[PDB]
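Here you get one chain, nothing else, as structure tokens; it is the form deposited in one PDB entry.
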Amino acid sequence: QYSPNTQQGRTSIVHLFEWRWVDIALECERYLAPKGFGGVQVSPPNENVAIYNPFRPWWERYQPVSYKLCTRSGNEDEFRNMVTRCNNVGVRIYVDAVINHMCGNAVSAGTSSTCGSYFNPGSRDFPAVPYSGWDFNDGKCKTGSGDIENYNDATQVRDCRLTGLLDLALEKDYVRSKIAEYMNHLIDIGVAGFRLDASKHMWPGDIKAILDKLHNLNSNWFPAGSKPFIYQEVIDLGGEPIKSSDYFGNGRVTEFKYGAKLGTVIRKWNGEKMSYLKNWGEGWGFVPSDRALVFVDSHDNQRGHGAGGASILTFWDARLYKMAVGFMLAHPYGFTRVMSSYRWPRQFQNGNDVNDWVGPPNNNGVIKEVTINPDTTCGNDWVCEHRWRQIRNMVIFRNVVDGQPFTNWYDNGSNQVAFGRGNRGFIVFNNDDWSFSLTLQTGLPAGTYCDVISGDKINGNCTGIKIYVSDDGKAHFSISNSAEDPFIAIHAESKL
């Protein structure tokens, strides 16, 4: 459950947040496969509550009504079509599995669901699954409100409602079986793994019981004995009775401290500087690298809805964001997830963004298709960070240096640092308020290399900066604190 199952040489997955199945299918063939992306995190593919107040928020998808593959992203056939086409081109699909709960207990009964299924939160009835009052933790939760009230009580965090969301009795074999039924349907269709939503709110043992019911991956695309990739969403920062290590026996876990600290370091909050990243990784109190799923920002915390708070870097902070993603993709720690978002009318009031609920680009609730502009960027308000030259090229950079050791580190005691990945890659950063001009040992073989941040190698020539490595592996780098992108990266495949 720890192996991504991506095909040899692809090292990252991209979260195509709220994309329609048809658009993801096209993206797999036209861009993801050609550019070497390993896989795609898709939004919950199961039927959710259609919320109109506010108008169709992104979070309505974390409010299950049934396990029918029927959402604003498309129907079951479109989903299967997407998984098949992506797999045929070597790009894996990872499903966002919302299995801890169903919808909010206050939601009105009726058929206000993405597929018309009837449901009645009040009486705990979800006939489309089916689930009844006997399948929820109402009688097990010991808080006065029935919701989670105190995170210092590990029991309540697991048995009570996360902000009103009906909590499934995951210790019952019936519920475990209905959930495994849903997940096995997806595995047999061809998905390679799952993001387990709200894992902190489930007992490690209950999750394990469900995983034991899972099939091996589809033998038409994967070698016999392949187990699905499992990454558990657990927000674990400082002191809490619950630790992300409690979930290691089930698969990897999301390391939220990663994006949080990279953000404060690059923003240089409270005296932090890049020279400190020298021992980045477990040295910073993070989980072991082989159990980590890392990222700079997620759909949750990019809008202030998750761990990290204000330090998190997103596409809104373009310049610093690219540099953070660059460091992540170059550093050997963890398995990397790249974010791909949509723009929304951010509107801060008293420090909080009042429009953090806004769902994906749409026309009367119908999600807009992703349009590709002539320069490869996206239209219809999709940001497509994964298509930014700077990000796409660092994705490739990680593929080229895969397996290579962390070496040749340099820092000026402040914010200009550099390091290499064996003899396959080298990257330099300048986050100080003054220029950087120095000769560094790169460990790379002599030659002329194209800087993949400022340009591309395009048939015997570079469209951007060029670096010359001498016989002893030394090379000169110049980055003024005024450069559009204050960092340079060169690798074995950008060599002329």
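Start at 1 with the first residue shown and count on from there.
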| property | result |
| --- | --- |
| 448-456 versus 60-68 - which carries the larger mean C-alpha B factor in the record | 448-456 |
| Entry-level comparison of average CA B-factors, 39-47 and 432-440, reporting the higher stretch | 432-440 |
| Residue selected from 254, 336, 123, 341 by maximal Cα B factor | 123 |
| Most elevated Cα B-factor in the entry, residues 282, 246, 147, 181 | 282 |
| For residue 11, the third of its chain into which the C-alpha B factor falls | middle |
| For residue 286, the third of its chain into which the C-alpha B factor falls | lowest |
| Where the record places residue 426 (Cα B-factor, split into thirds across the chain) | middle |
| For residue 485, the third of its chain into which the C-alpha B factor falls | highest |
| Residue 305 by Cα B-factor - lowest, middle or highest third of the modelled chain | highest |
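As for the form deposited with a partner chain bound, it is not shown, yet the points below apply to it.
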property: Exercise: residue 389 in contact with its partner chain in the deposited bound form, heavy atom 4.5 Å; result: no
property: Partner proximity in the deposited bound form: residue 163 to its partner chain, non-hydrogen atom cutoff 4.5 Å; result: yes
property: Residue contact check: residue 175 to its partner chain in the deposited bound form, 4.5 Å heavy atom; result: no
property: Its partner chain contact at residue 31 in the deposited bound form, heavy atom, 4.5 Å; result: no
property: Interface residue in the deposited bound form among 398, 421, 101, 92, criterion: non-hydrogen atom within 4.5 angstroms of its partner chain; result: 101
property: In the deposited bound form, the one of 236, 138, 300, 206 near its partner chain [non-hydrogen atom within 4.5 angstroms]; result: 300
property: Proximity to its partner chain in the deposited bound form (heavy atom, within 4.5 Å), stretch among 128-136, 192-200, 224-232, 112-120; result: 192-200
